[PDB]
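What follows is a short report on a single structure.
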Amino acid sequence: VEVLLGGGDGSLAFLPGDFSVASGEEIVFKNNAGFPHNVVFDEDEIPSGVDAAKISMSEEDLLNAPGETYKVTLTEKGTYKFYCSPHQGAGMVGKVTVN
Ligand SMILES: [Cu+]
């Protein structure tokens with residue numbers, strides 16, 4: 001799945017905003033509109049068997065042109081809220097889940 005950061009430009013959101021995956025699969029986070037963006041897993045709601053610092057981007061690393069991307073192979077069976085830290089309060093939140 002390629003999670004599209006910038007839902008049609010007219011929705012400051014992902015597409016999808018909720019999805020599920022299997023363990024060992026890869027999520028591709030890519031830009032669409034409204035730049036810049038990033039992906040950050042929420043350190044209070046991720047599963048216990050990981051650290052968001054291995055799956056979020058670095059605090060000053062962001063996707064600033066249209067075609068830029070970030071990628072992660074993900075594991076551990078649980079809920080996965082990742083959001084985009086500039087826009088998470090503005091509503092840009094996604095829910096992956098390894099199931
Ligand atoms: Cu964003």
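The way I read the labels, and the way they are meant: chains A, B, ... in the order of the structure tokens, residue 1 as the first residue of every chain, and ligand 1 as the first ligand shown, with later ones counted on from there.
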* Among range 14-94 of chain A, which residues carry a DSSP assignment of strand (DSSP E), reported as a ChimeraX atom specification? -> /A:26-31,40-41,69-73,79-83,93-94
With N, CA and C atoms kept, could you save the residues just selected as a short mmCIF file (atom, residue, chain, number, x, y, z; two decimals), in the first residue's frame?
```cif
data_model
loop_
_atom_site.label_atom_id
_atom_site.label_comp_id
_atom_site.auth_asym_id
_atom_site.auth_seq_id
_atom_site.Cartn_x
_atom_site.Cartn_y
_atom_site.Cartn_z
N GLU A 26 5.57 -4.01 3.62
CA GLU A 26 6.15 -2.67 3.54
C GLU A 26 5.08 -1.61 3.29
N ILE A 27 5.05 -0.58 4.12
CA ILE A 27 4.23 0.60 3.85
C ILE A 27 5.08 1.63 3.11
N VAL A 28 4.52 2.21 2.05
CA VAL A 28 5.17 3.30 1.31
C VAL A 28 4.40 4.58 1.56
N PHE A 29 5.00 5.55 2.23
CA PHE A 29 4.37 6.84 2.45
C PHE A 29 4.81 7.82 1.36
N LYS A 30 3.89 8.37 0.56
CA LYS A 30 4.27 9.27 -0.53
C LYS A 30 3.47 10.56 -0.52
N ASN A 31 4.03 11.63 -1.06
CA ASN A 31 3.39 12.94 -1.07
C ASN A 31 2.27 13.01 -2.13
N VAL A 40 5.16 10.04 11.22
CA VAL A 40 5.55 9.85 12.61
C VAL A 40 4.59 8.89 13.30
N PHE A 41 5.08 7.78 13.81
CA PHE A 41 4.27 6.87 14.61
C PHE A 41 4.09 7.41 16.03
N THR A 69 9.30 10.30 -1.28
CA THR A 69 8.72 9.16 -0.56
C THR A 69 9.47 8.81 0.73
N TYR A 70 8.83 8.03 1.59
CA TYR A 70 9.46 7.38 2.73
C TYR A 70 8.92 5.95 2.78
N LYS A 71 9.68 4.97 3.30
CA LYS A 71 9.26 3.57 3.24
C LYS A 71 9.62 2.83 4.52
N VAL A 72 8.82 1.83 4.91
CA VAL A 72 9.14 1.01 6.09
C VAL A 72 8.58 -0.40 5.99
N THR A 73 9.41 -1.42 6.21
CA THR A 73 8.90 -2.77 6.51
C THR A 73 8.43 -2.79 7.95
N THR A 79 -2.20 -2.28 16.79
CA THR A 79 -2.61 -1.02 16.18
C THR A 79 -1.44 -0.08 15.91
N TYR A 80 -1.48 0.65 14.81
CA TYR A 80 -0.42 1.54 14.34
C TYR A 80 -0.99 2.89 13.88
N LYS A 81 -1.22 3.78 14.85
CA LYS A 81 -1.39 5.20 14.54
C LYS A 81 -0.07 5.82 14.12
N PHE A 82 -0.01 6.26 12.87
CA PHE A 82 1.03 7.18 12.43
C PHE A 82 0.36 8.37 11.79
N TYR A 83 0.91 9.52 12.09
CA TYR A 83 0.36 10.79 11.70
C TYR A 83 1.49 11.62 11.13
N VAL A 93 -4.10 12.12 10.48
CA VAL A 93 -3.76 10.92 11.23
C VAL A 93 -4.11 9.70 10.39
N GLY A 94 -3.29 8.66 10.43
CA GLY A 94 -3.60 7.40 9.77
C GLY A 94 -3.51 6.27 10.77
#
```
* Asked: Got a sec to check which residues lie within 8 Å of ligand 1, using only C-alpha atoms and all ligand atoms, and send them as a ChimeraX atom specification?
  -> /A:5-6,12-13,34-39,83-88,92
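CA of residue 20 in chain A to CA of residue 89 in chain A spans 22.7 Å [interatomic distance, one decimal].
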* To do: Compare A:90, A:96, A:65, A:46 by their minimum atom-to-atom distance to residue 15 in chain A, counting only C-alpha atoms, and give me the closest one.
  =>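 For residue 15 in chain A, the nearest of the given residues is A:96.
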* To do: Find the residues near residue 49 in chain A: any atom within 10 Å, counting only C-alpha atoms, skip ones fewer than 5 places away on the same chain, and give them as an MDAnalysis selection string.
  => chainID A and resid 75:78
N, CA, C and O atoms of the current selection, written as a JSON list (two decimals), in the first residue's frame:
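Result file follows (again_22.json):
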```json
[["chain", "number", "residue", "atom", "x", "y", "z"],
["A", 75, "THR", "N", 6.29, -4.70, 11.46],
["A", 75, "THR", "CA", 6.08, -5.97, 12.12],
["A", 75, "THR", "C", 5.45, -5.70, 13.48],
["A", 75, "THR", "O", 5.31, -4.55, 13.87],
["A", 76, "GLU", "N", 5.12, -6.76, 14.20],
["A", 76, "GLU", "CA", 4.49, -6.80, 15.53],
["A", 76, "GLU", "C", 2.99, -6.54, 15.45],
["A", 76, "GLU", "O", 2.53, -5.48, 15.03],
["A", 77, "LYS", "N", 2.19, -7.55, 15.82],
["A", 77, "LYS", "CA", 0.73, -7.51, 15.71],
["A", 77, "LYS", "C", 0.10, -6.55, 16.70],
["A", 77, "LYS", "O", -0.03, -6.87, 17.88],
["A", 78, "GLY", "N", -0.27, -5.37, 16.23],
["A", 78, "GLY", "CA", -1.01, -4.39, 17.02],
["A", 78, "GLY", "C", -1.47, -3.21, 16.17],
["A", 78, "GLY", "O", -1.18, -3.14, 14.97]]
```
